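Starting off, we have a lone chain in the form deposited in one PDB entry, written out as structure tokens.
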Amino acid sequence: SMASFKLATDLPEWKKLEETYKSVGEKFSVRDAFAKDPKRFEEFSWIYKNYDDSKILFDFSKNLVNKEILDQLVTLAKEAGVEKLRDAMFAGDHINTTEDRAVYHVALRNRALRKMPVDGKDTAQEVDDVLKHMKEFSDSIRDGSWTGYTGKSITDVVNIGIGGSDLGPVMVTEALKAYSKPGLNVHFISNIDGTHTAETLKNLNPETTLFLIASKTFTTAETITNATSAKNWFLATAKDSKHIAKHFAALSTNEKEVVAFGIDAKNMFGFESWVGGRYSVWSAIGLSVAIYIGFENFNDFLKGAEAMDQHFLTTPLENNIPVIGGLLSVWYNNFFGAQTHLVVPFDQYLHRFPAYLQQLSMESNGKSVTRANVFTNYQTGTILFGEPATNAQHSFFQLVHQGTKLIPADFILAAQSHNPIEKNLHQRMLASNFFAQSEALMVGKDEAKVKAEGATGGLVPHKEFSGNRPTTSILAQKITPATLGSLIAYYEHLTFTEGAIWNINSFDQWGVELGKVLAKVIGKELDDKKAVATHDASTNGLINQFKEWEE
């Protein structure tokens, strides 16, 4: 399973891209590119067709890229063996080398029931069987047939989990909230901070609340603590532990720990080690989604991911949409030295989409060691950030337009709103902003125009805009379950691409693994009341100041 090369900087096309950066890239004029190439929009935009014949336009043409540059980036991808690694992923090979695991989120959305084996054994029916369990259970919650311990239908579902066991369910239930039904609400406890439990459960009724304990390992400190506190809250009213079986289910890989916690095995929704947390919403972890919007919508979301998987698998690199996205990220990160990537949904439902992508991206690609087990001498993962528009335009877009940092940005809009109020007035205004913002980042406003518009003397430079600030625009028809499925999978495969070029393992997380063992030593120290002198002086000082100030 070893690597075909050591460092990205070893790939012969890397030095050629450095040369191209110097001669064409650094000074690249997007205005000039459009003037030189009447077909530029056609050449640097791609329509994706989803399984339901809906469409998404990916327009890359406002980026600092042309045919020469993209052809060089494609050659780099071939040298890096992006296709070989991708094929190994889809083959169920153990490409997560450091944990010796398969990387098989693609198998979770295999609705076609293709043969998709791990360790030589097809996963298709095992995955499907969990999905059938999810459909049966979510249907029974939604139709009222699953009753709580006093015989009432469930009104509230509380997911308890953190990281990969939280953020997908949050983001996707928010994104697809138009598909929810009145009277059936979802909630998400994740932070160990007791505020999260107290505020979430404050107004809920134990008789009509169902908890889903979401944990791959079922040993995570925060989650098991939160789950215990919720069980205590439930039993304060319900009294008898026999009633737990109607109110607690588990989403997990670890049957022994689930049962040991006192959940019935029948109420476990399983998944496997080859599902990374930040790739897990497609699994049993998405049960809150199926409950909130219905299993059929959840299934449509999976099929959207599957269609984008097939696109990534089958398309030559030069027309492969997630690959192009990933190649542009490498271009900016490693040649321009842009440390960040901005993601801006022009969509209020997608308000937690940037935060989700931040996990996906940064937890996958924030690595310093390659598959050849040497340290990198070049940049890896970027820092991702964002908020929805139009809010963002009034905020940090000031810096995006007039600051000193290059910030590659992705803007996303649906042509149709789920909420086309006031005869679509609000939607037309939203869309006008989408178009005009990316236009303005490209066109800018030169000295002569500032003067024509009435500024004189020392005010003029203050009102200039450089332009040639790059954007990618992604236009969907509508943010349906299927569309969101395809969009997430796009970003998954974009992340894949970047990581393949950098020659890192996109699929481990030894810093978040360390995080889950770090705090125990200090926790024991906070339990007894003596002052501490066992760490560095800052840690000791902070701890001791805390001890003086704590309740």
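We call the rigid core the largest set of C-alpha positions that still match within 1.5 Å between the two forms. Note that residue numbering begins at 1 and tracks the sequence as displayed.
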field: 325-333 set against 288-296, stretch whose average Cα temperature factor tops the other in the entry
entry: 288-296
- prompt: Looking only at CA atoms, which has the higher mean B factor in the entry: 384-392 or 178-186?
  reply: 178-186
- prompt: According to the deposited entry, which of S145, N159, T471, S283 has the largest Cα B-factor?
  reply: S145
- request: Name the residue from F234, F312, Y349, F411 with the greatest C-alpha temperature factor listed in the entry.
  value: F234
field: Chain third (lowest, middle, highest) by recorded CA B-factor, residue given as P316
entry: middle
statement: The third of the chain into which the C-alpha temperature factor of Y48 falls is the middle
field: Third of chain Cα B-factors occupied by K84
entry: middle
statement: Assert third(CA B-factor, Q359) within chain per record equals lowest
- request: Sorting the chain's modelled residues by C-alpha B-factor, tell me whether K36 ends up in the lowest, middle or highest third.
  value: highest
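What comes next is about the form deposited in another entry, which is not displayed.
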From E464, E255, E199, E126, residue displaced between the shown form and the other one - CA threshold 2 Å or more, rigid core: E255
- request: Look at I47 and decide if its Cα position differs by 2 Å or more between the shown form and the other one after superposing on the rigid core.
  value: no
query: Superposing on the rigid core, do we see a C-alpha displacement of 2 Å or more at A35 between the shown form and the other one?
result: no
- prompt: Does the C-alpha of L518 move 2 Å or more between the shown form and the other one once the rigid core is lined up?
  reply: yes
